[PDB]
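Peer 1: One structure follows; several queries about it will come next.
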Protein chains: 2
Amino acid sequence: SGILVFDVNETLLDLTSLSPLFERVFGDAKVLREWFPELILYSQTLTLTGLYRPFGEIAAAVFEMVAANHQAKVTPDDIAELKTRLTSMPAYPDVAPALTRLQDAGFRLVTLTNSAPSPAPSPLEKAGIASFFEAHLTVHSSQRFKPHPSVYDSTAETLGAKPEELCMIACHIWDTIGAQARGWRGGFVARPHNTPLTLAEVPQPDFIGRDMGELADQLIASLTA
Amino acid sequence: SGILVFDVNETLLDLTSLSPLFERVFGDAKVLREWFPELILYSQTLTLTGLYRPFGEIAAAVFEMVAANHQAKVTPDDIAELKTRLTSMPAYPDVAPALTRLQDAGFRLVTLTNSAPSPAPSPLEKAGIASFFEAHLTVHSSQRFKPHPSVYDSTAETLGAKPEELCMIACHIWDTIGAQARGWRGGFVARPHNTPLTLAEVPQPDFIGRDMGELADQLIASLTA
């Protein structure tokens, strides 16, 4: 049927669980939407310049930088809390049902994350959805972040899969662009505050859903079309 | 004395001049600090995935995406206004004074921008400071955005200069990291809402200034020191 390769943060696990930390530290939960793209930006900046540190370390460094930019005090407590929260985001209620549907429809399910491997229990284990997946891959051994081609290529290589058999699933259009550039298919789930980028020459997702249920409709539907 | 290579947007020309567009379209001037890093993020995403579109086309497409993310209506007039403001940011008042003193000290001055080659008059011509620079370079010949190594390498080549003769000046740490990874020096100017990123194994700027005058002091000083 194909292998579906899921991004984890925000796609499967709820990033807005971090809003309280941003409310407290900045006086404004909306700073989440400044910090997050800065984190992704710096992850790609390190990749482009041949540098690497684990995603969580970058997340902490960027939190400190965004704080300084806001003239917001940060304490060691705030940094430990950022870490704890980033590694304990709950699954959206639509996730286990959609994964059940995709698995029962015959899809193989895998995760692929910027986040480095964690000790057991992983955030996916803690959220109760790890068991749907046959493998949990990360960029950590590549030491390059999405959407660097090495990430998708090494993933296909580990899975022993050809690009045509793979579909990258994410609520971030940078991730689906990355995969499709490598001849994978891409599926976009439109989590709050995420919409595609319409630009000439930039691939649009093969499949689009406003939530995981609707994306799963499209994925399952394309098995018989 | 050395060749000083300036970033233009935000470093020399005032990005906060765009705030009224954000205030009006979003009801919130702070969205500037969501849109701008998303613009940079997506420029680096295209570069990592072998795609190139001109920076201003990305700027518009990201403005439209951020609008959709906020469920904010956008018209062709709003896009036009973005273009007007983005290509006409005024120079900070600390800029012409600092550039004058750098010239008097014998530094050669050039610009290097993610922004495409512009029809006359350029944003720097409009701002009244184009004439301080002996060359106005862009990412065009590299077809790749900062901090990709090709950007700096092709710049050093065009200028017939070795990396040790070059210093990249920016209020964005991603730009100084990119140049320093190619063996250039980096000079950070701390514009509002911009501070350095502190992360292990990532190069820190060679020079730092709270404004351009103070940075020009240290650059000149490092001639006598």
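Labels for the structure tokens follow display order: chains A, B, ..., residues from 1 in each chain, ligands from 1.
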Which residues of chain B come within 9 Å of chain A, and for each one, what is the closest pair of atoms and their distance in Å to one decimal, counting only C-alpha atoms, sorted by chain and residue number, as JSON lines?
Peer 2:
{"residue": "B:31", "atom": "CA", "partner": "A:34", "partner_atom": "CA", "distance": 8.4}
{"residue": "B:33", "atom": "CA", "partner": "A:34", "partner_atom": "CA", "distance": 6.2}
{"residue": "B:34", "atom": "CA", "partner": "A:34", "partner_atom": "CA", "distance": 4.8}
{"residue": "B:35", "atom": "CA", "partner": "A:34", "partner_atom": "CA", "distance": 8.4}
{"residue": "B:37", "atom": "CA", "partner": "A:38", "partner_atom": "CA", "distance": 5.9}
{"residue": "B:38", "atom": "CA", "partner": "A:37", "partner_atom": "CA", "distance": 5.9}
{"residue": "B:40", "atom": "CA", "partner": "A:41", "partner_atom": "CA", "distance": 6.8}
{"residue": "B:41", "atom": "CA", "partner": "A:41", "partner_atom": "CA", "distance": 4.5}
{"residue": "B:42", "atom": "CA", "partner": "A:174", "partner_atom": "CA", "distance": 7.2}
{"residue": "B:44", "atom": "CA", "partner": "A:44", "partner_atom": "CA", "distance": 6.6}
{"residue": "B:45", "atom": "CA", "partner": "A:174", "partner_atom": "CA", "distance": 6.2}
{"residue": "B:46", "atom": "CA", "partner": "A:202", "partner_atom": "CA", "distance": 8.2}
{"residue": "B:47", "atom": "CA", "partner": "A:48", "partner_atom": "CA", "distance": 8.8}
{"residue": "B:48", "atom": "CA", "partner": "A:148", "partner_atom": "CA", "distance": 5.6}
{"residue": "B:49", "atom": "CA", "partner": "A:178", "partner_atom": "CA", "distance": 6.0}
{"residue": "B:50", "atom": "CA", "partner": "A:181", "partner_atom": "CA", "distance": 8.0}
{"residue": "B:51", "atom": "CA", "partner": "A:202", "partner_atom": "CA", "distance": 7.5}
{"residue": "B:52", "atom": "CA", "partner": "A:201", "partner_atom": "CA", "distance": 8.4}
{"residue": "B:53", "atom": "CA", "partner": "A:200", "partner_atom": "CA", "distance": 7.7}
{"residue": "B:57", "atom": "CA", "partner": "A:199", "partner_atom": "CA", "distance": 7.7}
{"residue": "B:58", "atom": "CA", "partner": "A:199", "partner_atom": "CA", "distance": 7.2}
{"residue": "B:61", "atom": "CA", "partner": "A:198", "partner_atom": "CA", "distance": 6.1}
{"residue": "B:62", "atom": "CA", "partner": "A:197", "partner_atom": "CA", "distance": 6.8}
{"residue": "B:64", "atom": "CA", "partner": "A:197", "partner_atom": "CA", "distance": 8.1}
{"residue": "B:65", "atom": "CA", "partner": "A:197", "partner_atom": "CA", "distance": 6.0}
{"residue": "B:66", "atom": "CA", "partner": "A:193", "partner_atom": "CA", "distance": 8.0}
{"residue": "B:68", "atom": "CA", "partner": "A:195", "partner_atom": "CA", "distance": 6.7}
{"residue": "B:69", "atom": "CA", "partner": "A:193", "partner_atom": "CA", "distance": 4.3}
{"residue": "B:70", "atom": "CA", "partner": "A:193", "partner_atom": "CA", "distance": 6.7}
{"residue": "B:71", "atom": "CA", "partner": "A:193", "partner_atom": "CA", "distance": 8.8}
{"residue": "B:146", "atom": "CA", "partner": "A:45", "partner_atom": "CA", "distance": 8.3}
{"residue": "B:147", "atom": "CA", "partner": "A:45", "partner_atom": "CA", "distance": 6.4}
{"residue": "B:148", "atom": "CA", "partner": "A:48", "partner_atom": "CA", "distance": 5.4}
{"residue": "B:149", "atom": "CA", "partner": "A:49", "partner_atom": "CA", "distance": 6.8}
{"residue": "B:174", "atom": "CA", "partner": "A:45", "partner_atom": "CA", "distance": 6.2}
{"residue": "B:175", "atom": "CA", "partner": "A:45", "partner_atom": "CA", "distance": 8.8}
{"residue": "B:177", "atom": "CA", "partner": "A:49", "partner_atom": "CA", "distance": 7.5}
{"residue": "B:178", "atom": "CA", "partner": "A:49", "partner_atom": "CA", "distance": 5.9}
{"residue": "B:179", "atom": "CA", "partner": "A:49", "partner_atom": "CA", "distance": 8.9}
{"residue": "B:181", "atom": "CA", "partner": "A:49", "partner_atom": "CA", "distance": 6.3}
{"residue": "B:182", "atom": "CA", "partner": "A:49", "partner_atom": "CA", "distance": 8.5}
{"residue": "B:192", "atom": "CA", "partner": "A:69", "partner_atom": "CA", "distance": 7.3}
{"residue": "B:193", "atom": "CA", "partner": "A:69", "partner_atom": "CA", "distance": 4.3}
{"residue": "B:194", "atom": "CA", "partner": "A:69", "partner_atom": "CA", "distance": 5.7}
{"residue": "B:195", "atom": "CA", "partner": "A:69", "partner_atom": "CA", "distance": 6.2}
{"residue": "B:196", "atom": "CA", "partner": "A:65", "partner_atom": "CA", "distance": 6.7}
{"residue": "B:197", "atom": "CA", "partner": "A:65", "partner_atom": "CA", "distance": 5.8}
{"residue": "B:198", "atom": "CA", "partner": "A:61", "partner_atom": "CA", "distance": 6.0}
{"residue": "B:199", "atom": "CA", "partner": "A:61", "partner_atom": "CA", "distance": 6.0}
{"residue": "B:200", "atom": "CA", "partner": "A:53", "partner_atom": "CA", "distance": 7.7}
{"residue": "B:201", "atom": "CA", "partner": "A:51", "partner_atom": "CA", "distance": 7.7}
{"residue": "B:202", "atom": "CA", "partner": "A:51", "partner_atom": "CA", "distance": 7.1}
Peer 1: Can you tell me, as a list in words, which residues in segment 127-199 of chain A count as helix (DSSP H, G or I) by DSSP?
Peer 2: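 These are the residues in question: residues 127, 130, 131, 132, 149, 150, 151, 152, 153, 154, 155, 156, 157, 158, 163, 164, 165, 173, 174, 175, 176, 177, 178, 179, 180 and 181 of chain A.
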Peer 1: Based on the selection just made, write N, CA and C atoms of those residues as a compact mmCIF listing (two decimals), in the first residue's frame.
Peer 2:
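The result, stored in part.txt:
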# COMPACT_ATOMS: atom_id res chain seq x y z
N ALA A 127 2.73 9.68 24.77
CA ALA A 127 1.46 10.16 24.25
C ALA A 127 0.53 9.00 23.92
N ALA A 130 2.97 5.50 20.02
CA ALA A 130 4.20 4.88 19.50
C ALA A 130 3.94 3.52 18.87
N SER A 131 3.05 2.73 19.47
CA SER A 131 2.73 1.37 19.00
C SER A 131 2.14 1.25 17.58
N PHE A 132 1.64 2.35 17.01
CA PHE A 132 1.15 2.30 15.62
C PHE A 132 2.27 2.17 14.61
N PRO A 149 18.37 16.95 1.72
CA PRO A 149 18.10 15.65 1.04
C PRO A 149 18.60 14.42 1.76
N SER A 150 19.70 14.54 2.53
CA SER A 150 20.26 13.42 3.28
C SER A 150 19.24 12.79 4.21
N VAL A 151 18.33 13.63 4.73
CA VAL A 151 17.32 13.17 5.71
C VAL A 151 16.35 12.17 5.08
N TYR A 152 15.80 12.54 3.94
CA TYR A 152 14.85 11.70 3.22
C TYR A 152 15.56 10.48 2.63
N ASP A 153 16.72 10.70 2.03
CA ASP A 153 17.48 9.62 1.39
C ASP A 153 17.92 8.58 2.39
N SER A 154 18.48 8.99 3.52
CA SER A 154 18.88 8.01 4.50
C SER A 154 17.67 7.27 5.06
N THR A 155 16.54 7.97 5.19
CA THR A 155 15.28 7.33 5.64
C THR A 155 14.84 6.21 4.67
N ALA A 156 14.74 6.53 3.38
CA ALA A 156 14.38 5.54 2.37
C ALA A 156 15.36 4.35 2.42
N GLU A 157 16.64 4.67 2.59
CA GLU A 157 17.69 3.66 2.69
C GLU A 157 17.50 2.75 3.91
N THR A 158 17.30 3.32 5.09
CA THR A 158 17.02 2.49 6.27
C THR A 158 15.79 1.59 6.07
N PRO A 163 11.65 5.80 -3.31
CA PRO A 163 10.86 7.04 -3.13
C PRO A 163 9.36 6.96 -3.47
N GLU A 164 9.00 6.31 -4.58
CA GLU A 164 7.60 6.20 -5.00
C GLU A 164 6.70 5.52 -3.96
N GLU A 165 7.30 4.68 -3.14
CA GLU A 165 6.58 3.98 -2.09
C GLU A 165 6.38 4.82 -0.82
N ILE A 173 4.90 22.81 5.53
CA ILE A 173 5.13 22.67 4.08
C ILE A 173 6.63 22.53 3.72
N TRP A 174 7.53 23.05 4.56
CA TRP A 174 8.97 22.79 4.37
C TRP A 174 9.31 21.30 4.39
N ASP A 175 8.59 20.50 5.19
CA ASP A 175 8.86 19.05 5.29
C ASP A 175 8.39 18.30 4.05
N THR A 176 7.18 18.60 3.60
CA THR A 176 6.65 17.95 2.39
C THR A 176 7.40 18.37 1.10
N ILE A 177 7.82 19.63 1.03
CA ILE A 177 8.70 20.10 -0.06
C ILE A 177 10.00 19.29 -0.07
N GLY A 178 10.62 19.16 1.11
CA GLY A 178 11.83 18.36 1.25
C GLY A 178 11.67 16.94 0.71
N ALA A 179 10.56 16.29 1.05
CA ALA A 179 10.39 14.87 0.67
C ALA A 179 10.12 14.74 -0.83
N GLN A 180 9.26 15.61 -1.33
CA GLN A 180 8.85 15.56 -2.73
C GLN A 180 10.03 15.84 -3.70
N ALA A 181 10.85 16.81 -3.34
CA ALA A 181 12.15 17.01 -4.02
C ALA A 181 12.93 15.69 -4.17
Peer 1: Counting only C-alpha atoms, which of A:135, A:15, A:72, A:166 gets nearest to residue 86 of chain A?
Peer 2: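 The shortest atom-to-atom distance to residue 86 of chain A comes from A:15.
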Peer 1: Excluding residue 137 of chain A and any residue of its chain fewer than 5 positions from it, enumerate the residues within 7 Å of it, using only C-alpha atoms, and give them as a list in words.
Peer 2: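 Contacts, in chain order: residues 111, 112 and 113 of chain A.
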Peer 1: Would you mind reading off the distance between atom CA of residue 78 of chain B and atom CA of residue 116 of chain B, one decimal, in Å?
Peer 2: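 Spanning atom CA of residue 78 of chain B to atom CA of residue 116 of chain B is a straight-line distance of 20.7 Å.
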Peer 1: From the set A:215, A:109, A:18, A:161, which residue has the shortest atom-to-atom contact distance to residue 81 of chain A, counting only C-alpha atoms?
Peer 2: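 Residue with the minimum atom-to-atom distance to residue 81 of chain A: A:18.
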Peer 1: Return the single residue from A:27, A:123, A:186, A:20 that is closest to residue 90 of chain A, with distances computed using only C-alpha atoms.
Peer 2: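 Closest to residue 90 of chain A of all the choices is A:123.
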